[PDB]
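Numbering (the deposited numbering), first residue to last: 1 to 122. C-beta: ideal position from N, C-alpha, C; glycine also. Let me begin by presenting the structure, written as structure tokens, before commenting on it.
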Ligand SMILES: [Ca+2]
């Protein structure tokens with residue numbers, strides 16, 4: 001499932017100021033990250049990143065591809081490919097708590113200027 005900008009900001013409302021992050025900032029980031037597609041799958045070196053949040057199996061979830069993964073979010077990477085982004089969000093919170101938003105390269109890159117384009121309400 002692909003989200004529209006507003007449908008997502010909607011579902012992620014209670015994330016604003018979460019860890020001193022700005023919603024628009026985070027929306028901007030997801031856009032460049034997966035284009036808001038829940039089924040986004042990206043193979044990197046050996047490893048892969050999954051879902052809207054493109055959370056890596058090198059460290060965050062468990063995949064047969066990287067048995068040695070620390071599986072910090074303690075979940076199978078397959079859970080990041082369904083139409084329920086709840087679990088995804090819990091993993092995302094975990095990343096934010098431990099790593100920070102710089103886990104996502106698009107942040108520093110393009111989402112710290114004109115986050116205007118990233119607001120919705122109507
Ligand atoms: Ca999910």
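| message | Please determine whether the Cβ atom of residue 72 lies at a distance below 8 Å from any heavy atom of ligand 1. | response | Sequence index remark: in the chain shown, residue 72 carries index 72 (1-based). Not so, every heavy atom of ligand 1 lies at least 8 Å from the Cβ.
| Is residue 108 near ligand 1, going by C-beta to nearest heavy atom under 8 Å? | Position 108 of the chain shown, counting from 1, holds the residue named residue 108. No - ligand 1 has no heavy atom lying nearer than 8 Å to the Cβ of residue 108.
| message | Using a strict less-than 6 Å threshold between each residue's beta carbon and the heavy atoms of ligand 1, what residues do you get? | response | 79, 80, 82, 84, 85, 87, 88
| task | Go ahead and label residue 91 buried or exposed: buried means 16 or more other beta carbons lie within 10 angstroms of its beta carbon, across all protein chains shown. | result | As a working mapping, residue 91 is identified with position 91 in the chain shown. Per the 10 Å Cβ criterion, buried.
| Candidates 45, 6, 100: which alpha carbon is nearest residue 35's? | Here residue 35 refers to the residue found at position 35 of the chain shown. Residue 6 is the option with its Cα nearest to residue 35.
| said: For residue 51, count the other beta carbons within 10 Å of its own beta carbon; 16 or more makes it buried, fewer makes it exposed. Which is it? | reply: Along the chain shown, one-based indexing puts residue 51 at 51. That one is buried.
| query | How should residue 45 be labelled, buried or exposed, when 16 other C-beta atoms within 10 angstroms of its C-beta is the threshold for buried? | reply | In the chain shown, residue 45 corresponds to position 45, counting from 1. So residue 45 counts as exposed.
| request: Ignore the nearest five residues each way along the sequence and tell me which others in residue 118's own chain have a CB closer than 6 Å to its CB. | output: Your numbering for residue 118 matches position 118 in the chain shown. Here residue 118 has 24, 27, 28 as same chain residues with Cβ atoms under 6 Å from its own Cβ, once five neighbours each way along the sequence are excluded.
| task | Check residue 9 in the structure and name its three-state DSSP category. | result | Position 9 of the chain shown, counted from the start, is the residue given in the question as residue 9. Three-state DSSP puts residue 9 in a helix.
| request: Take residue 108 and list the residues in its own chain whose beta-carbon comes closer than 8 Å to its own, dropping the five residues that flank it on each side. | output: Working through the chain shown from its first residue, we reach residue 108 at position 108. 102, listed in sequence order.
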